[PDB]
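Right, one structure below, let's go through it.
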Amino acid sequence: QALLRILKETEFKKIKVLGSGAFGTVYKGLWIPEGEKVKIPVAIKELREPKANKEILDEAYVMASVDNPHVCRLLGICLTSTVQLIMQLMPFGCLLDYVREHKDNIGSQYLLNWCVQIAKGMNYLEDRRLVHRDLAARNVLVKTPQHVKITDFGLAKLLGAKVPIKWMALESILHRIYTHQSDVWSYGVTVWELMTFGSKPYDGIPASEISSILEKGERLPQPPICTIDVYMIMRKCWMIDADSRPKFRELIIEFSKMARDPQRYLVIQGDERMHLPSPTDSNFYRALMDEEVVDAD
Amino acid sequence: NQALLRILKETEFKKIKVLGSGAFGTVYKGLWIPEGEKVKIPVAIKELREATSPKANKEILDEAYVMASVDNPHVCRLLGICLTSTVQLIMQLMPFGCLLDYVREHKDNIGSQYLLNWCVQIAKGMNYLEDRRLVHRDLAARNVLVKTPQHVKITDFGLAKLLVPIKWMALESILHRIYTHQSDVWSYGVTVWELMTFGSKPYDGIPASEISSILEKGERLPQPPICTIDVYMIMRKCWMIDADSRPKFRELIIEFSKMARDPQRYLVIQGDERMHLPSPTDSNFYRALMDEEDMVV
Ligand SMILES: CC(C)n1c(Nc2ccccc2)nc2cnc(Nc3ccc(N4CCN(C)CC4)cc3)nc21
Ligand SMILES: Nc1ncnc2c1ncn2[C@@H]1O[C@H](COP(=O)(O)OP(=O)(O)NP(=O)(O)O)[C@@H](O)[C@H]1O
Ligand SMILES: [Cl-]
Ligand SMILES: [Mg+2]
Ligand SMILES: [Mg+2]
Ligand SMILES: [Mg+2]
């Protein structure tokens, strides 16, 4: 309707590759409004290789209609040549790179608040009857360090089908069943990446072996900073019975409760000194970057 | 509320382009690097013409706290300060620049709906300052910024105090240095005359030294080609010698909003029928990219 701008190729230019994935290649780009002299930074995802434009368009309107602070909305599309998706540029990049970069400077407050925020966005997708199919720390963007957003839901659907075996629920691997509860298993793996500061899951276990190890009951290890209460939640996200798994709305509650007493739930050396921004600093960041957090008691 | 003003270290930002200059300083595009991050976030930096002492500096700060407390969608808020020997003011960057340049650059290509809506928005911003008992002292089309073509904001609030534009000034300001909300209304009327002439220079061909004399004799800026009598009478009433005979900003808001509901009745612009006016789709896209903030007839 009014939510998806159909772009002409003259309107924008791709400038520099920012990354790539199973579904396409992301560029930092510029939008040049017609009749204007300005160049506005955007991100453009050019999709890999099917579907008629009407169908892609139908799917694109859904992507354009998500409205939640923890979910990136599709802003515009250009489907003359390839399919190019236009979205807001996030100069901070993805949460996986961010946590690695900052592994010596991230506190329990940030970590548990990101868990809440990602659960909030996934709960929203579930409300909207939308299954992501590809949740991972690489798919969560940093708008500010205090504010992250899920991206790339439903690309899996749009393009059909680099398959992310190590994030997938057992049922998706064996029977290709994808549901909101399989997304819960990926959220579990995503929390595991965060709490290990960006470790690669099952590192040195070939992808082919994953179903077998899971079937035996093997799982990702307890990250050293995690108290057992944290680790128990991840293990619950990885139960064989989909329906046994927590629901996103429950994960929001549980992580929000931990975020109130964060040093009770995560043990980080020097954590007492890593806290959320002062009001002074927060007001500034928002003004510049986030015009669009749970504290300890 | 001190939390509204961020105090910055010289080391966290850099100047990268000159954007312009005025009677109070030079404005730069700059980049802010959050300490410990790799990102470069564009800002506007105004560096004052006057290097100052630690003493003068504390006067500056108390006024900076006021500038930073301004919270309204049509007035720019001061975000940050650096008290380098040369005082620097940090504020959000607007890629579209000032409204004076914008209406000159689009000079006979702007529709009545835009012109009337800018007049509403500037009066809304000034009314907010009047509510707070703050006087701008330097309103002019050069000190209105374009955030998007649909959303303008007054800038430079507080500067004139912190540290003259005769052709924008009320007679009583020229004669006696008296500045009040009603002298700001005089300046608003000149600002509107700027916009309605597409950026003509006021009293062109008349030296500044002679302005008070012509005002005293009852001479006023002339009726712009596009302005109907109803619109011109509003402007003239802003320039009554008796300050309390001038309109209030609250009345200006009402009158211009009324006009904005039937813009072709009040401005007569060749080709107005074919001018761009903004579809919901184009507004959602500008807002998502450039204008997230909580804010048109
Ligand atoms: C230069 C002035 C109008 N300015 C102040 N002023 C200011 C006042 C107090 C504190 C900080 C800034 N804040 C500003 C924030 N943003 C922008 N933006 C902007 C300005 C100019 C330009 N261009 C490109 C087109 N060229 C024809 C002319 C230069 C492009 C973007 N200007 C600002
Ligand atoms: N909107 C954006 N703003 C800034 N960076 C982005 C944006 N979108 C994507 N990126 C970057 O591009 C990288 C990869 O993009 P993407 O095409 O999503 O592949 P992926 O997410 O890494 N893997 P895949 O799970 O297969 O999609 C992300 O990890 C980010 O580093
Ligand atoms: Cl702008
Ligand atoms: Mg992708
Ligand atoms: Mg993706
Ligand atoms: Mg200015």
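Numbering of ligands and ligand atoms starts at 1, following listing order. Computed over heavy atoms, backbone and side chain alike; hydrogens, waters and symmetry mates excluded. Below, chain A is the first sequence line, B the second, and so on; all start at residue 1.
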Item to check | Numbering as shown, the atoms of ligand 2 that approach A:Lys45 to under 4.0 Å (heavy-atom distance) | outcome: 16 (P), 17 (O), 18 (O)
Checklist outcome for this item: Heavy-atom proximity to atom 20 (C) of ligand 1 ranks first, among B:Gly97, B:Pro95, B:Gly20, B:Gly158, for B:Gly97
Checklist outcome for this item: Quick look: A:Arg138 vs ligand 2, heavy-atom contacts under 4.0 Å, and the answer is both
Checklist entry - Any idea which part of A:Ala22 is under 4.0 Å from ligand 2, heavy-atom wise: side chain, backbone, both or neither? => result both
Checklist entry - Counting heavy atoms only, which of B:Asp156, B:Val27, B:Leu145 comes nearest to atom 3 (C) of ligand 1? => result B:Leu145
Checklist entry - Can the ring centres of A:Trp31 and B:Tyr286 be said to be less than 6.0 Å apart? => result yes
Item to check | atom 19 (C) of ligand 1: nearest protein contact (heavy atom, Å) | outcome: B:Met94 O, 3.3 Å
Next on the checklist: I'd like to know if A:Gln88 contacts ligand 2, where contact means a heavy-atom distance under 4.0 Å to any ligand atom.
Outcome noted: yes
Next on the checklist: For B:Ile90, which part has a heavy atom under 4.0 Å from ligand 1: side chain, backbone, both, or neither?
Outcome noted: neither
Checklist entry - Considering only protein heavy atoms, which is closest to atom 22 (C) of ligand 1, and at what distance to one decimal place? => result B:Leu19 CD2, 4.0 Å
Checklist entry - Is the distance between the ring centroids of A:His147 and A:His70 under 6.0 Å? => result yes
Item to check | From the candidates A:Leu141, A:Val26, A:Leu89, the one that places a heavy atom nearest atom 12 (O) of ligand 2 | outcome: A:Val26
Next on the checklist: Taking 4.0 Å as the limit for heavy-atom contacts, which would you say applies to A:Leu155 with ligand 2: side chain only, backbone only, both, or neither?
Outcome noted: neither
Item to check | Closest protein heavy atom to atom 10 (C) of ligand 1, given as residue, atom name and distance to 0.1 Å | outcome: B:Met91 SD, 3.1 Å
